[PDB]
Amino acid sequence: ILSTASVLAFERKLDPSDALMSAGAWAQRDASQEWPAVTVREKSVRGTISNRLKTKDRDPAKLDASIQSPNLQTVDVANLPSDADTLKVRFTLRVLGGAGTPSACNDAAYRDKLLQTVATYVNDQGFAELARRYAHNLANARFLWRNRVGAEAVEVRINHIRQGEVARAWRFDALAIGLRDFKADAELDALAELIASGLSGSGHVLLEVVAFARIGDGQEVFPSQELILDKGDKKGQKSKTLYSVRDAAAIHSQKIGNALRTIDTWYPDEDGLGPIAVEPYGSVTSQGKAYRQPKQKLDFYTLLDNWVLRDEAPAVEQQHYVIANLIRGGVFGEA
Amino acid sequence: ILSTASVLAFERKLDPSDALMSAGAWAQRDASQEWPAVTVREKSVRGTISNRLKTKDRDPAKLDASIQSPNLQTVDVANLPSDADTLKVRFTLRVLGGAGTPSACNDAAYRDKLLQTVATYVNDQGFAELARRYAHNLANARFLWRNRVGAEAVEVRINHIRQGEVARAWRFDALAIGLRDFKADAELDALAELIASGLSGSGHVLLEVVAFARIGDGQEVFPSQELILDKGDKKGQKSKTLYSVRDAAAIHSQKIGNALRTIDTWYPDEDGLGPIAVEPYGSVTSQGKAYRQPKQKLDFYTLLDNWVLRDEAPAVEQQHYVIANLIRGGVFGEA
Amino acid sequence: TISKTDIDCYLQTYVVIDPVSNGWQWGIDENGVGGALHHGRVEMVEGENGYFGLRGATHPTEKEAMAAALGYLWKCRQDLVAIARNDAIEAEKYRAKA
Amino acid sequence: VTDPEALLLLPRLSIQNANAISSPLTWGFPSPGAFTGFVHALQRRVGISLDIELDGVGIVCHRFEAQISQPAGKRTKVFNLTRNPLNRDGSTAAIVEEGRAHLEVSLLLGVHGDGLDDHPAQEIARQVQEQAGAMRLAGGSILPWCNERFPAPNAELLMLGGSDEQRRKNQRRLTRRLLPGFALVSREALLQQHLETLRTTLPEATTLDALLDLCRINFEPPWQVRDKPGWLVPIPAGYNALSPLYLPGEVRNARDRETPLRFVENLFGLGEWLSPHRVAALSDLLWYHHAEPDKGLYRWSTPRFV
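If you're matching them up, the sequences are chains F, G, J and B in order.
Count along the first sequence from 1, then add 23; that gives the number in the deposited numbering.
Count along the second sequence from 1, then add 23; that gives the number in the deposited numbering.
Count along the third sequence from 1, then add 2; that gives the number in the deposited numbering.
Sequence positions in the fourth sequence follow the deposited numbering and run 3 to 224, 239 to 322.
If you want it as structure tokens, here you go:
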């Protein structure tokens, strides 16, 4: 009858690291291996209230008394130095391969059918579209999240690392390569064939992705943000904590992985908003909206269940989405 | 009539220690005695929901409202340093000897028949296949569990430790020695004769096993995972802890021992699924299955109860499995 | 033949269901009086980052916080379960008598 | 009864095996009859020579440890006992369960008389403490403080103040000295008004049931426990007559044949353990006797509390 396996855990292909951000100057990007790290430091902020009032707090004497006792905070802040305008964000990406094989699966007949379905996909169309879009999200520095939104010039250098050194070095202009069109190129196709052979298992692919962003001297850079402890007084609050591995600001690894996954231009809603990150019930956190809702038949789960259990193979776009979720990994399964 | 002993406790032979993982750079593996440890640090994660819904939570307004409040965790994560591409997993292993003698056994006639049965095995065919497969699971770095799957180059160094120092030093290429074929070698057979002299009680064997793995600069290593307390909120949740002995990530000793016991290529299902760990009712919990189910006459208990009580010795593979369970240890016997 | 809910009858005095603004967070009263103000030795616990409150998840309803409390008491703390067992046995003998 | 002219403070006295069984219904801290009888024995032994009248005691209890144990699988407690000598035939004697408790109380004694003038204050304070060191307080020996950091001395506070600010000042000076404990008073008006409330709730109520209602922790449906004002313990507040008054040489096997004997029975009232700075006058909170022997009703309380 082939019901769904009760547990299905897929390991994560495309493992990035914590993206260490350091600083320096443009035209000395080629000597950027002794560049001093962007350090997370503290500063004390004070604001009046700016939030909406709920018609109980709109008394003018109460509003004046509320702005007379303001909230005093400390925030973790990371800036470039006042003699450095280029932010170097460096991580390493390891494309693993063996995407359809689960890390845990009860129903062995389901595992055989799922491996047969993914192998049917790879033989019909290998990881060529997916690797083209992953190579784009490396090529345009989408992993620079807010460090990219006002940068004068972004340049991404991607180095394929063999036995100990660079086997093949790419160098991209991340502002000519946009954040929304997965166009064709000559070097992006070479990087895409590399990531394609990595996802197929045909080779060890360890990339070193280094991105340089002309922001400006002293400007704020944006490492990934932690969550807070909140035990003491509201003056020493520590309202914002920033990530740092060892006295050096850093973006979390899964933030880089989410920006790499932003390949999904196939959702049923409009293409004017661009690609979203490949998630089951494909959801963007900022917009608060789950595209690929299960009411439409286009989430990861009804597509995977129609493809594997009852052989309703979707369109080539939706099965690109399904195999992108299998590359993404997860805990898919009931209780 | 020789009924089974109601208590039967075998002490564990092949005692490993906890596997201390430190980090550093390749091509100075030979100066890796002062390599800095891998430390288990915390990072914050936020994600939307990706698990399956149960047809009651498939309202689109409810799905959007649930992804507007995504779950906040902190997870223990262990990474290599950002200037180190090699993970050194180091433990020591003691091979004891006296495999058939139980540590607790009521029926002295059963204990006499069991010792005679095991001694008949060792006289007929010693610990020569078992030690060969244990030497393989040391030689291929199977104890590197998920630190091995994307590793560029793995090398295992096993040192026999006599009165104070290395009496005999091996060095293996753990990717040439596969994870599924127990082939033959000239150095693997010397390690097999050493583990055989340990398991037979003819000599004290203590091996210091070191395995290096080219992972990449700053990539994620995977120590063994603890279980958590679950006493508070769901934002500072601490949803994942990792094992560490003293500010230094580690794999549990029973995980290393479970990798070393993965010698069982004799289970009645298909051997193209590879070796499994030697357990009574031989079960991989990740695949949710029990090979050697008791209906087929091939679990540890019906084989032992036919070998000792009624003297129906099985084939040599199944008695290799039985003696591998006695080397494994366990609490056998009813109530 | 003393059932489980008759043991829960005397085990429920060992829990305390404190009201928070989100929901109901259960706890454990070591003196067995439901977290009384004077005679109540409530068990407070140390968590991850400065957590000093009741051991217990913030549940939406009291019916589920009390159920998680009883499940914790049945899984882990079997001395209070033996207290409630002997209380239930003495109650059954009392109704056999009076 | 009569107001104290001075207020003597015996400091923290360590009692090693005091009677934990206060009464047939209550255990714990010993009865206030023990302390009032101790202060009458202090009057009887040293007060008739200093020409003073030690009357009224305030009980503080800095430290309390009962020699109890909680048995396994039981919610309640039992008493740790002593092993008595054998019989004349060599068998173990029948065990009589007595509760022992290690106290650390400090007593405020009401002192009034003409001996306050004839003697210094520290002299009569030292004399009643050196007499109390050879005594016992609820059946337990008063540990006499050898070779610690310093011995706790006395202070006889003359309650006659020249000004009300000086009087409040040295009430504060004494309250700070007897602070880590909890003064034990008698709240019988609270017991009677709780009985009246319970009688408006349900008719035919006894104040034994109202006393129990102040003792329990009541669970209330919407669940919440019923809060209480204070600690509100049950104490034995004296005795009630069972027999008519027998003549001195008439009853058999009395203590002395010169005192009228009368079989009595406990009278359980309500107490309240409160801290000593909640009273704002330490010349209150002193436990006196009230006999009225023609009716029975031999009892102790602290009048002039509120």
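Just so you know, even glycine gets a beta-carbon here, dropped at the ideal spot from N, CA and C.
Looking at the strands, I want to know which residues DSSP matches up with residue 209/F.
Start at 1 with the first residue of the first sequence, and residue 209/F comes out as number 186. Beta-bridge pairing links residue 209/F to no other residue.
Taking buried to mean at least 16 other C-beta atoms within 10 Å of its own C-beta, is residue 5/F buried or exposed?
The requested residue 5/F is not part of the displayed model; chain F covers only 24 to 358.
Contacts that residue 247/B makes with chain J (C-beta to C-beta distance below 7 Å):
Within the fourth sequence, the letter at position 231 stands for residue 247/B. The answer, in chain order, is 40.
Buried or exposed: where does residue 58/G fall if 16 or more other Cβ atoms within 10 Å of its Cβ makes it buried?
Numbered from 1 along the second sequence, position 35 holds the residue referred to as residue 58/G. Residue 58/G is buried by the Cβ-count criterion.
Cβ-Cβ distance between residue 126/B and residue 52/B below 8 Å
Within the fourth sequence, numbered from 1, the residue matching residue 126/B stands at position 124. Within the fourth sequence, numbered from 1, the residue matching residue 52/B stands at position 50. Contact: yes.
Within 7 Å of chain J by C-beta, residues of the stretch 52 to 69 of chain B in sequence order
none
Does the stretch 241 to 249 of chain B come into contact with the stretch 20 to 40 of chain J, if we say contact requires no fewer than three beta-carbon pairs (one atom in each stretch) closer than 8 Å?
yes
N-terminal and C-terminal residue of the beta strand (DSSP E) that residue 70/G is part of:
Locating residue 70/G in the second sequence gives position 47, where the first residue counts as 1. That run of the beta strand (DSSP E) goes 63 to 70.
Indicate whether residue 144/F and residue 27/F have their beta-carbon atoms separated by less than 8 Å.
Mapped onto the first sequence, residue 144/F falls at position 121. Mapped onto the first sequence, residue 27/F falls at position 4. Contact: no.
Would you mind working out which of 85/J, 16/J and 84/J sits nearest residue 30/J, comparing C-alpha positions?
The residue labelled residue 30/J in the question sits at position 28 within the third sequence. It is 16/J.
For the stretch 82 to 96 of chain G, enumerate the residues whose C-beta is nearer than 8 Å to any C-beta of chain F, in chain order.
83, 86, 87, 90, 91, 93 and 95
Following the continuous beta strand (DSSP E) through residue 50/B, name the residue where it begins and the one where it ends.
By one-based count along the fourth sequence, residue 50/B stands at place 48. Residue 50/B -> no beta strand (DSSP E), and no H or E assigned at all.
Excluding the 5 residues preceding and the 5 following residue 200/F in the sequence, name in chain order all residues of the same chain whose CB lies nearer than 7 Å to its CB.
Taking the first residue of the first sequence as 1, we reach residue 200/F at position 177. Result list for residue 200/F: 159, 162 and 163, in chain order.
Residue 108/G by DSSP, collapsed to three states: which one?
Start at 1 with the first residue of the second sequence, and residue 108/G comes out as number 85. Residue state, collapsed to three classes: coil.
DSSP beta-bridge partners for residue 34/B?
Locating residue 34/B in the fourth sequence gives position 32, where the first residue counts as 1. None, per the DSSP bridge assignment.
Tell me the DSSP secondary structure of residue 156/B in three-state form.
On the fourth sequence, position 154 is the one that residue 156/B refers to. Coil.
Among 216/B, 254/B and 224/B, which has the Cα closest to the Cα of residue 41/J?
Taking the first residue of the third sequence as 1, we reach residue 41/J at position 39. Ranking the options by Cα distance to residue 41/J, first place goes to 216/B.
Run through the stretch 105 to 174 of chain B for me and flag every whole alpha helix (DSSP H) of 4 or more residues, listed as ranges in chain order.
117 to 120 and 123 to 134
With a threshold of 8 Å between beta-carbons, can residue 137/F be considered close to chain J, or not?
Taking the first sequence and counting its residues from 1, the one referred to as residue 137/F is at position 114. Judged by the 8 Å Cβ criterion, residue 137/F is not in contact with chain J.
Counting only beta-carbon separations shorter than 8 Å, does residue 52/J have a partner in chain F?
By 1-based counting over the third sequence, the position of residue 52/J is 50. So, interface residue.
To which residues of the same chain is residue 167/F closer than 7 Å at the C-beta, ignoring the five residues directly before and after it?
Here residue 167/F refers to the residue found at position 144 of the first sequence. Hits under 7 Å: 112, 177, 234 and 236.
Might you give, ordered along the chain, the residues of its own chain that have their beta carbon closer than 8 Å to the beta carbon of residue 316/G, omitting 5 neighbours on each side?
Locating residue 316/G in the second sequence gives position 293, counting from the first residue. Contacts found: 304 and 322.
Are there 16 or more other CB atoms within 10 angstroms of the CB of residue 46/J, so buried, or fewer, so exposed?
In the third sequence, counting from the first residue as 1, residue 46/J sits at position 44. It counts as exposed.
CB contact flag (residue 318/F, residue 81/G, <8 Å):
To locate residue 318/F, count along the first sequence from 1; it is residue 295. To locate residue 81/G, count along the second sequence from 1; it is residue 58. Yes. Within cutoff.
Any idea what DSSP makes of residue 276/G, helix, strand or coil?
Against the second sequence, residue 276/G aligns to sequence position 253. The answer is helix: DSSP assigns residue 276/G an H, G or I state.
By the DSSP assignment, the beta strand (DSSP E) with residue 47/F in it spans what residues?
Within the first sequence, numbered from 1, the residue matching residue 47/F stands at position 24. From DSSP, the beta strand (DSSP E) with residue 47/F extends over 42 to 47.
Here's the rule: buried if 16 or more other CB atoms are within 10 angstroms of the residue's CB, otherwise exposed. What is residue 203/B?
Taking the fourth sequence and counting its residues from 1, the one referred to as residue 203/B is at position 201. Classification of residue 203/B: exposed, given that the 10 Å Cβ count is below 16.
Supposed close pair residue 362/F, residue 301/F - CB separation, criterion 8 Å:
This structure does not reach residue 362/F, given that chain F is present from 24 up to 358, and the question cannot be answered.
Same chain only: Cβ atoms within 6 Å of residue 361/F, ignoring 5 sequence neighbours per side:
Only positions 24 to 358 of chain F appear in the structure, and residue 361/F is not among them; the question remains open.
Would you call the CB atoms of residue 179/B and residue 15/B closer than 8 Å?
Translated into positions along the fourth sequence, residue 179/B becomes position 177. Translated into positions along the fourth sequence, residue 15/B becomes position 13. Result no, Cβ atoms of residue 179/B and residue 15/B do not sit closer than 8 Å.
Look up residue 314/F in the DSSP assignment and say whether it is helix, strand or coil.
Sequence index remark: in the first sequence, residue 314/F carries index 291 (1-based). Coil.
Taking residue 244/B as the query, report the chain J residues whose CB atoms sit under 8 Å from its CB, ordered along the chain.
Walking along the fourth sequence from the start, residue 244/B turns up at place 228. The answer, in chain order, is 39 and 40.
Chain-ordered chain G contacts of residue 40/F [CB-CB under 9 Å]
Indexing the first sequence from 1 puts residue 40/F at position 17. The contacting residues are 102, 103, 105, 239, 240, 241, 242 and 243.
DSSP three-state label for residue 219/G, please.
For this step, residue 219/G is matched to residue 196 along the second sequence. Of the three classes helix, strand and coil, the one that applies to residue 219/G here is helix, per DSSP.
Residue 360/F in three-state terms, based on DSSP
What the structure shows of chain F is the stretch from 24 to 358, and residue 360/F is not part of that stretch, so it cannot be assessed.
Hey, could you find the ends of the beta strand (DSSP E) residue 304/B is sitting in?
For this step, residue 304/B is matched to residue 288 along the fourth sequence. It spans 304 to 306 - the beta strand (DSSP E) in which residue 304/B sits, taken as one unbroken run.
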